[PDB]
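Participant: Structure incoming, see below.
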Amino acid sequence: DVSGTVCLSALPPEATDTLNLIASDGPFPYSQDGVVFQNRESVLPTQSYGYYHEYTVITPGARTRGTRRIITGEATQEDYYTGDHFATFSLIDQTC
């Protein structure tokens, strides 16, 4: 399940950078950005394979990709943030 909706302005500023890169089709900082997200644990709504894609949200200071990601869905404005490496998700509201 999705935990609720969160305004983009309440998320780390790096999430706004990742959404702007998705809008321009990159270029992205990591080679893993844009891969399909399988939703293997069924935390998000069930959809066909390829409906969801994963993008990194950079964690300042980290050596690795860290635990923050945006998952896009194919629907308009459907983007989910996770800050705990896919354990929980919130829908992003880009209007606020």
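Here Cβ is always computed from backbone atoms with ideal geometry, including for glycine, and neighbour counts include all displayed protein chains. Laboratory data are not the source of any read-out in this text; all were calculated from the coordinates shown.
Participant: For the subset of the stretch 60-88 comprising residues that are of a type in the set (A, V, I, L, M, F, W, C) and under 10 Å from the mean Cα position of the chain (by Cα), which member is nearest to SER3 (Cα to Cα)?
Facilitator: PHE86
Participant: Looking at (1) hydrophobic (A, V, I, L, M, F, W, C); (2) touching a helix residue (DSSP H, G or I) at 6+ places or on another chain (Cβ under 8 Å); (3) on the phi > 0 side of the Ramachandran plot, which one does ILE58 not meet, given that it meets all the others?
Facilitator: (3)
Participant: Something else about it: Of the conditions (1) without any contact (Cβ under 8 Å) to a residue 24 or more places away in the chain; (2) in a loop (DSSP other than H, G, I, E, B); (3) more than 22 Å from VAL2 (Cα to Cα); (4) of a type outside the set (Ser, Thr, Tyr), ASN20 clears all except one; give me its number.
Facilitator: (2)
Participant: Further, regarding this structure: Tell me which residues, restricted to the stretch 80-92, are in a strand (DSSP E or B), over 12 Å from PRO45 (Cα atoms), of a type outside the set (A, V, I, L, M, F, W, C) and touching a residue at least 24 places away in the same chain (Cβ under 8 Å).
Facilitator: Within the stretch 80-92, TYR81, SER90 qualify.
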